[PDB]
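**Q** Just the first chains of my complex for now:
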Amino acid sequence: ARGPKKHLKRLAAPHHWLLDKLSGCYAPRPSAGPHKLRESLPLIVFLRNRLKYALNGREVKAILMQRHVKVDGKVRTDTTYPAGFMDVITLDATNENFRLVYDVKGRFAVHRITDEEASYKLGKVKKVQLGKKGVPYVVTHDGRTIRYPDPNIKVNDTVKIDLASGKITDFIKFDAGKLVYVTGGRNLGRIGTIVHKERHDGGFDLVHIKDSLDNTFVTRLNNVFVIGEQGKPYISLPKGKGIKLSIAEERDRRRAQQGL
């Protein structure tokens, strides 16, 4: 009312942040940025709640103001900076890099990557438009604009960004039999192969995805993120590879691990 909100009450924050109900009336409201706040991970949440490198927001700010953290090659001292899917977080100390990918349970999982993979990233083509002076450009899922793209790059394709200059180094078309990653809905974290897609002119193209071990599901086209071909993904998968074992066989694996 009367203008934009600046507070985010706890119990209204996204559930996949996994915030404790107590210990605070509020939650870190993501600032405006590359990702929507519903599907973004604030830096303070990643650093304090996920990595335990800080005890509280004061220590998170102490970390950030030393230029230690950088997202996608830029320092980003903002405490509530909205780091989202496919983003690369780099810590100058500890010599490690992280890529923000959901695990199969639909939450960002702490996933460590190498320097070569941290050098680049992927992006989903949201729109291909002619800009001013007739210059074509594409818009990626992380709010990034790249002028002069390949003419064959269409909507909801995947492009590879060099992350040191905002340039496309490769692209994957959206076609049957390509490895896709689900980024929304009840199928967050699943990794599978496109079977086919339903047209449905008038909205909400539907995509059928087959898992690695033959679990078939359907999803909206807005939640589909191409990441490679049948086998050989362009991005290192997190621990689990997005299979969604049933709770019974997760129990069985947990018991096998715990009881040796």
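**A** That came through, no problem. Numbers count the residues shown, from 1 in each chain, chains lettered A, B, ... in the order given.
**Q** which one's the longest strand in chain A?
**A** strand A:121-130 (DSSP state E).
**Q** which parts of it are buried?
**A** If you call a residue buried by 16 or more other CB atoms under 10 Å, then strand A:121-130 has these buried ones: A:121, A:122, A:123, A:124, A:125, A:126, A:128. Just so you know, the C-beta spots here come from the backbone N, C-alpha and C atoms, and that holds for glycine as well.
**Q** same thing with stretch A:131-151?
**A** Using 16+ other CB under 10 Å as the test for burial, stretch A:131-151 gives A:138, A:139, A:140, A:141, A:142, A:144, A:146, A:149.
**Q** same thing with stretch A:79-98?
**A** The neighbour-count check on stretch A:79-98 (16+ other CB under 10 Å) flags A:79-91, A:97-98 as buried.
**Q** got the CA positions of stretch A:70-77 in PDB?
**A** Provided in PDB are the C-alpha atoms of stretch A:70-77 (Å, rounded to 0.1, in the frame of the first residue of the first chain):
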ATOM      1  CA  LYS A  70      31.800 -12.300  -5.700                       C
ATOM      2  CA  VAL A  71      28.900 -13.400  -7.800                       C
ATOM      3  CA  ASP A  72      29.400 -14.000 -11.500                       C
ATOM      4  CA  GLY A  73      32.800 -12.300 -11.400                       C
ATOM      5  CA  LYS A  74      31.700  -9.100  -9.600                       C
ATOM      6  CA  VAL A  75      32.100  -8.300  -5.900                       C
ATOM      7  CA  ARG A  76      28.400  -7.600  -5.000                       C
ATOM      8  CA  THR A  77      28.800  -6.300  -1.500                       C
END
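**Q** how about residue A:237, what does it touch?
**A** Shown in contact with residue A:237 (CB atoms under 8 Å, 6 or more residues apart in numbering): A:101, A:191.
**Q** Helix or strand for it, just tell me which one.
**A** Secondary structure from DSSP states H and E places residue A:237 outside every helix and strand.
**Q** center of chain A - which residue?
**A** Closest to where the C-alpha atoms of chain A average out (CA atoms, centre = their mean) is residue A:85, at 1.4 Å.
**Q** Show the contacting residues for that one.
**A** Residue A:85 sits next to A:35, A:39, A:100, A:101, A:102, A:141, A:142, A:183, A:225 when contact means CB under 8 Å, 6+ apart.
**Q** The following sequence is to be added as chain B:
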Amino acid sequence: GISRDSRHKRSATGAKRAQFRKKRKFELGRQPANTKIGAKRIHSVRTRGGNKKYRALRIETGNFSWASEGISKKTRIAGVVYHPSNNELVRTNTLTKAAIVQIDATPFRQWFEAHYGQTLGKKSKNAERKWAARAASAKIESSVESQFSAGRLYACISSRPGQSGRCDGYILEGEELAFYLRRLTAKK
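**A** Okay, here's chain B dropped in alongside the others:
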């Protein structure tokens, strides 16, 4: 002040609505510009998100296109002769969109001379070759030939003076010109 909300209206069933909330700034209206003629006077109004608008009050000149020749000329406005919404706008010479006006015919005459050279109404080969090539397009329309003879040209305003602050338009031609000639400008 002036409000554009639909709350104050009766329901489509005819029922009176209970007051829901106080008037909101994001539904306001403002008073009409009522653009007159002569002694140019623009006022700027600040609108939502910044984005200032220009109130044209008593302006006297405007840019008018001659769609048959692909040229637009800056020309002053003589007066309003017809308005399809209200005759009072004609009587008070109010300049709004779709208003029928007479302008000057003079810049268009001079351009016609320089482009064709047909001494319309009542040197070197460099220009003569151009005139000869542009010939066979010198004839335009009798109904605008006579307006040039009269010295003023019928035009329709296509800009919104109360919004942009400008009174631009186009010369009436063809079926549109014959229609507006029948309506009020002729037959007294």
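**Q** since we added chain B, can you redo the contacts of residue A:85?
**A** Contact partners of residue A:85, counting by CB atoms under 8 Å, 6 or more residues apart in numbering or on different chains, are A:35, A:39, A:100, A:101, A:102, A:141, A:142, A:183, A:225.
**Q** close enough to count as contact, the first one and residue A:81?
**A** In this case it means residue A:35. No - Residue A:35 is beyond contact range of residue A:81, at 9.7 Å (criterion: CB atoms under 8 Å).
**Q** which residues do those two both contact?
**A** Common neighbours of residue A:35 and residue A:81, using CB under 8 Å, 6+ apart, do not exist here.
**Q** what's next to stretch A:149-160, contact-wise?
**A** Residues from elsewhere that reach stretch A:149-160, judged by CB under 8 Å, 6+ apart: A:120-128, A:136-138, A:140, A:146, A:168-174, A:221, A:224-227, A:234.
**Q** Next one: the residue nearest the centre of chain B from residue A:65, what distance?
**A** Central residue of chain B (CA atoms, centre = their mean): residue B:157, 1.5 Å from the mean position. Using CB to CB, to the nearest Å, we find residue B:157 at a distance of 60 Å from residue A:65.
**Q** Equivalent analysis for residue A:253, please.
**A** 42 Å.
**Q** from the contacts of residue A:85, which ones fall inside helices?
**A** Here DSSP state H is the test, and those give no hits in helices at all.
**Q** closest to residue B:100 among those residues?
**A** Residue B:100 lies nearest to residue A:141 out of the contacts of residue A:85, by CB to CB, at 53.1 Å.
**Q** quick one: that closest one from residue A:86, how far?
**A** As judged by CB to CB, residue A:141 and residue A:86 stand 7 Å apart.
**Q** Please, where are all the strands along chain B?
**A** For chain B, the strands defined by DSSP E cover B:41-47, B:50-57, B:61-66, B:71-76, B:79-82, B:100-102, B:154-157, B:169-171.
**Q** For residue A:132, which of the ones you listed is the nearest?
**A** strand B:50-57 (19.7 Å).
**Q** What strands line up against the closest one, and which way round?
**A** Each strand paired with strand B:50-57, and its direction, by DSSP bridges: strand B:41-47 (antiparallel).
**Q** Show residues contacting the partner strand.
**A** So strand B:41-47 is contacted by B:30, B:52, B:53, B:54, B:55, B:56, B:57, B:58, B:59, B:165 (CB under 8 Å, 6+ apart).
**Q** what residues are up against the second one?
**A** Going by CB under 8 Å, 6+ apart, residue B:52 touches B:44, B:45, B:46.
**Q** can you add chain C next? sequence is:
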Amino acid sequence: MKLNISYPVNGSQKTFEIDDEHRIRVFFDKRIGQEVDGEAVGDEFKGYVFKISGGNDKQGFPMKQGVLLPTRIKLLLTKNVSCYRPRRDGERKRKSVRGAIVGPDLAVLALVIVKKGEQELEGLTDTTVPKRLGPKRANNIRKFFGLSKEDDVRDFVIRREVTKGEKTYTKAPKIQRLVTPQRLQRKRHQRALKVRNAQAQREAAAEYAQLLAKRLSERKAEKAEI
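**A** Below is chain C, added to the chains above:
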């Protein structure tokens, strides 16, 4: 009443009591901006010419320029006007201000000397008040000293000495708008950046045009046969 009189060429000020109210009537039915002769005002102001700069009535309400009344009225005052300092952005307040026309109800009349008289006064023209501080901007100092245009202003900046009891030390204002190598470096950096971005865009456009020419030739010469 009281006459707060200022002699501005040296910045001197003093207040004069004038009882025997049958003599301040020279001011009556006058307004701010009108000159008055000092001989009627008193026998000390022989030839002195005062002009009304302002005043305050009883109850202390200031006089507003343009209010052509001998009484005070309420007015909705806005930013950058006299008799009102806004406390917020866009705040406007209704305040009572005294009219511009001089009357018997005035407690203090603010006057300024525009012409010197024949005698001298105990605290107005016999003394002077130095200016608080000198010019700060480079061309302001250059105008103040009036030497030339190709002259150093560092040596002509005015300096003030302050004693702490054991050590005296001078201080001078930081000159603004002074041309410096740092400013020149910033300007040429911006200039070079604009040029470099222009070549970068032209090169990218040329490369894209090459790519389109290659694809246009290949994808269509290959399908011509089929």
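**Q** and the contacts of stretch A:149-160, now that chain C is in?
**A** Residues outside stretch A:149-160 that contact it (CB under 8 Å, 6+ apart): A:120-128, A:136-138, A:140, A:146, A:168-174, A:221, A:224-227, A:234, C:211-212, C:215.
**Q** do stretch B:11-29 as well
**A** With contacts defined as CB under 8 Å, 6+ apart, stretch B:11-29 is touched by B:1, B:2, B:3, B:4, B:5, B:7, B:8, B:9, B:10, B:48.
**Q** Now that stretch: buried residues?
**A** Within stretch B:11-29, no residue is scored as buried using 16 or more other CB atoms under 10 Å in any protein chain shown.
**Q** Give the full set of residues in contact with the closest residue to chain C within chain A.
**A** Chain A approaches chain C most closely through residue A:148 (4.4 Å), counting by CB to the nearest CB. Residue A:148 makes contact with A:135, A:136, A:137, C:204, C:205, C:207, C:208, according to CB under 8 Å, 6+ apart.
**Q** So which of those belong to strands?
**A** Per DSSP E, the contacts of residue A:148 map to strands at A:136, A:137.
**Q** Most widely separated two among the contacts of residue A:148?
**A** Spatial extent of those (CB to CB) is set by the pair A:137 and C:207 at 14.9 Å.
**Q** In chain C, which residue sits nearest chain A?
**A** Closest to chain A within chain C is residue C:208: 4.4 Å, counting by CB to the nearest CB.
**Q** Now do the strands for chain C: every range, in order, please.
**A** Using DSSP E, strands in chain C cover C:2-7, C:12-17, C:35-37, C:49-57, C:72-77, C:93-98, C:106-115, C:160-163, C:168-171.
**Q** Same check on the stretch 1-150 of chain A?
**A** If DSSP state E, counting those that start in this stretch is used as the criterion, the strands of the stretch 1-150 of chain A fall at A:8-9, A:26-27, A:40-42, A:69-71, A:82-84, A:88-91, A:96-99, A:101-102, A:108-109, A:112-113, A:121-130, A:136-140, A:145-147.
**Q** next one: the fifth one to chain centre, how far?
**A** Relative to the centre of its chain, strand A:82-84 is centred 8 Å away, using CA atoms, centre = their mean, to the nearest Å.
**Q** so what secondary structure elements neighbour it?
**A** Applying 3 or more CB pairs under 8 Å, 6 or more residues apart in numbering or on different chains; DSSP states H and E, one finds that strand A:82-84 makes contact with strand A:40-42.
**Q** Check which helices and strands the strand it packs on sits against.
**A** For strand A:40-42, the packing partners by 3+ CB pairs under 8 Å, 6+ apart come out as strand A:82-84.
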